[PDB]
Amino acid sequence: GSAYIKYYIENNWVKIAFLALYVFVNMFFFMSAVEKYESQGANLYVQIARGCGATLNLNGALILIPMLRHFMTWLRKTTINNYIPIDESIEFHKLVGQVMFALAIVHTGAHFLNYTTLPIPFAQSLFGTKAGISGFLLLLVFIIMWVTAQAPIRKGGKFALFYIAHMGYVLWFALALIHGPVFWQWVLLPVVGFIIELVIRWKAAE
């Protein structure tokens, strides 16, 4: 109840601040994209779709970081771990993945609604544009990864199905790079993360 919550907040204030920053940064990129498209005379569907898209870039930058296992294991042993629990890296990964799935659904729905406002048939917008085709494929990949990563499957005896489907992350990243064609800079964060992971693996290697 109330007493437990006060205790929790006091003991995890850095973690809470981290998450509040995560929320704030999502809101900033979302609203920034909304304001941009709105100033161009875009309808509300476009504004929402673009807002989701901007936050999808942001979360796409973050999703892999907690899964750089040697880097997280190194970090767990630094004084950073006295402030924020690096053991919860997987819980942050899961959170970023759920947020992204919600945003992907909204982005998809908003783009579908925007397709109805065009003097072009729906099927030509969805299966006759680069963005439609790549987006649909990216959506399917993501649905497959998301469904199989849920605990009833992943922890309920179908770990192998989860694990093989999750190797789709490679395909996910390829498609995202093909789908969001102008702004590829988001991937610099994981690229840097991956270089740190390689350096750490090298240092520990024989």
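Residue indices: 1-based, along the sequence shown.
The stretch with the higher mean CA B factor, choosing between 175-183 and 56-64, is 175-183. As listed in the deposited structure, the average C-alpha B-factor of 127-135 and of 76-84 is greater for 76-84.
Per-chain ranking of the deposited C-alpha B factor places residue 167 in the highest third. In the deposited entry, the Cα temperature factor of residue 70 places it in the middle third of its chain's modelled residues. The deposited CA B-factor of residue 40 belongs to the highest third of values across its chain.
Remark: residue 95 belongs to the lowest third of its chain, ranked by C-alpha B-factor as recorded. Ranked against the other modelled residues of its chain, the C-alpha B-factor of residue 108 as given in the entry falls in the lowest third.
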